[PDB]
Amino acid sequence: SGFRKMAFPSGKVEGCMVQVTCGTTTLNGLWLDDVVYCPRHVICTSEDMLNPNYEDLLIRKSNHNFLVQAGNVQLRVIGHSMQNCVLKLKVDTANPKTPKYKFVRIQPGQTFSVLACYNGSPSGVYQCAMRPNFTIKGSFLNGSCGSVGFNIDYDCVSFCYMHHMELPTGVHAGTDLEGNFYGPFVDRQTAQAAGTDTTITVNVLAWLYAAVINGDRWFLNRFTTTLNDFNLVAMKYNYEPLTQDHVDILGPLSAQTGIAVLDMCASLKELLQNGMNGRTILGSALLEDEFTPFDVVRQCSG
Amino acid sequence: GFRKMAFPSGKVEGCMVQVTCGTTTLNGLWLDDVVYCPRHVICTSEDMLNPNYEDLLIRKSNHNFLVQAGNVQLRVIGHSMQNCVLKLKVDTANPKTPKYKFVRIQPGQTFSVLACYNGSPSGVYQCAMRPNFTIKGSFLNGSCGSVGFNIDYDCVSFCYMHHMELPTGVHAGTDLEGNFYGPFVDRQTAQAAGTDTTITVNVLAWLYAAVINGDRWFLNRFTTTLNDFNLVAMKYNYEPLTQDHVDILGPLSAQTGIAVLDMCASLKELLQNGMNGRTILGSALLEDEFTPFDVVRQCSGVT
Ligand SMILES: *[C@@H](O)[C@H](C[C@@H]1CCNC1=O)NC(=O)[C@H](CC(C)C)NC(=O)OC[C@@H]1CCC(=O)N1C[C@H]1C[C@@H]2C=C[C@H]1C2
């Protein structure tokens, strides 16, 4: 208790959502400056989807085959190209609502806000974490493809995810805005499975730091560990190994609490090896792994 | 498959402004030519324990209120007070004003909160009005005047404006007519709420959402009467389930083929036996901040 999944305000992204239709297939696109970005599978029929030859499908398309609309207002397409698994449609109008933006490729464990959209119209916004197996636990229905994930820093929207597909287990897979899938997945209506997932250690550590900030610190011990020794133990409990970048992003919380990252790792190691022994942290017997260090600082300090 | 989802916040973002009086800054809501904000913006340290708001406000002038929309100051040309909300008339209409209404929500209903600081939106999340008229929010210093809302088609229904945090860490505020939800008062005192209870109809809605997403370990072959369920519910500090609630749950019952009173028998077993390590939709606790409409709207893709 005290913490909750908080999305970024979605208005700057709402002002970029359009719909893209090829034939009877409509999905969402992202309109930035004079380009619309969308999943390339908009060009597929039902039949093309098992083993689509995207290069051949696209060669048969022309600009005038793409219906791009902001609401019910058509946006004329003046060029088209494919970049990995995304289609880029050049349009004749620069989006007047284009925010300051960048395209970023996030790492597992990072969280982002999803603006779920259908027919170019936003339905809802929620926070997702990229799992270590490169899937997200979204809420996506038919027509949701092309919905995007993003973070906002100062005036700037960092787009990090575009939605493409649902796996058999009900989790979701997609690309960055350069069209490169997160994980090993491909945009084909074939049998694909996510890898066995693991716990996001860096975020559990952030959660333990949050607990300390809130005065809940019974699990702190007098010991430390090396990063390698911790990582070898963590893997035995299906926790992800830490990277150097993870150590770095815990820096601010380590400084705020005075607890060295490797000392907190030793405390987590003891929790893994001994369990909670009927105790709670921040009111729960379960350790949370979907709040990043940035999320904690956002909710603890503003 | 099922997530706590807020409404897209853009229509509300376009209405948020900063309001300053003295050394106090908070947020206001700019609709047409009026800015709505919490009246405690006019209080100082010497006033806040027992503020005679009518007396404090008559001593202020229009120019004591600094309203800023981004990098632009809005000239206040009049002011009035309605319960705990101040209404600052400005000389400029907001062209981003959405179609809107002001509503007062009932306990157990949900809404989205756009948390703002210094007139700038910072985050969006879904909340419920608790049975004890608090909200379990995430609000820091400077968040007052942040609003809660629902969206239907093109129309924003504003239902909450933020005023205060209680010692337990929950939150209290008003509707957009300035009337508090609950027994709280806009004075600088530690205030306790009445005993909270769990929103039973919402727990049932969420158990249906779990079944929809293929989670069904908690179902059983038994049933209960409505009254016998309610006796147990009350014992566990759960709200009573009314026949209207049963009716409201019909579409979810029809979808999953599980009678409402059969789901009540499952919930009764969970209350008496616990979850014993298991989780439902990733949660170790029974979740009560999804309404039946929220579950349906998210299983139907409404925009
Ligand atoms: C907005 O102006 C602000 C929002 C608060 C700030 C912290 N988190 C929020 O959501 N509202 C206030 O500061 C109000 C103003 C009152 C209504 C004139 N007061 C408020 O929220 O007070 C909260 C603090 C912290 C918890 C608590 O019990 N309490 C009350 C004060 C009064 C007594 C002295 C200090 C504590 C106890």
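Side chains are part of it too, since the values below use all heavy atoms of this structure and drop only hydrogens, waters and symmetry mates. So that the names make sense, note that chain A is the first sequence line, chain B the second, and so on, each numbered from 1.
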Legend entry - Where B:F2 and A:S139 come nearest, the two heavy atoms and their spacing: CA-OG, 4.4 Å
Inset, instruction - Specify which of A:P9, A:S10, A:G124, A:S121 makes the most heavy-atom pairs with chain B at under 4.5 Å. - result: A:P9
Inset, instruction - Of all the heavy-atom pairs spanning B:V124 and A:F8, show the shortest one and how long it is. - result: CG1-O, 3.6 Å
Legend entry - chain B contact via A:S113 - side chain, backbone, both or neither, heavy atoms under 4.5 Å: neither
Inset, instruction - Heavy atoms only: give me the nearest B:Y125-A:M6 pair and the separation to one decimal. - result: CD2-CG, 3.8 Å
Legend entry - Flag if over 12 foreign heavy atoms under 6.0 Å of CG, B:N273: yes
Legend entry - Minimal non-hydrogen separation, B:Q126 against A:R4, with atom names: O-NH2, 3.6 Å
Legend entry - Residue pair B:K136, A:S1: steps toward the side-chain contact (heavy atoms from CB on, under 4.5 Å) verdict: CA-CA 9 Å; B:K136 299 174 188 289; A:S1 60; over 6 Å; no
Inset, instruction - Just give me the residue among B:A284, B:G169, B:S122 that pairs up with chain A most often, heavy atom to heavy atom, under 4.5 Å. - result: B:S122
Legend entry - Test item: B:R3 side-chain N/O and A:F140 main-chain N/O as donor-acceptor pair under 3.5 Å: no
Inset, instruction - Of all the heavy-atom pairs spanning B:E13 and A:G11, show the shortest one and how long it is. - result: OE2-N, 2.7 Å
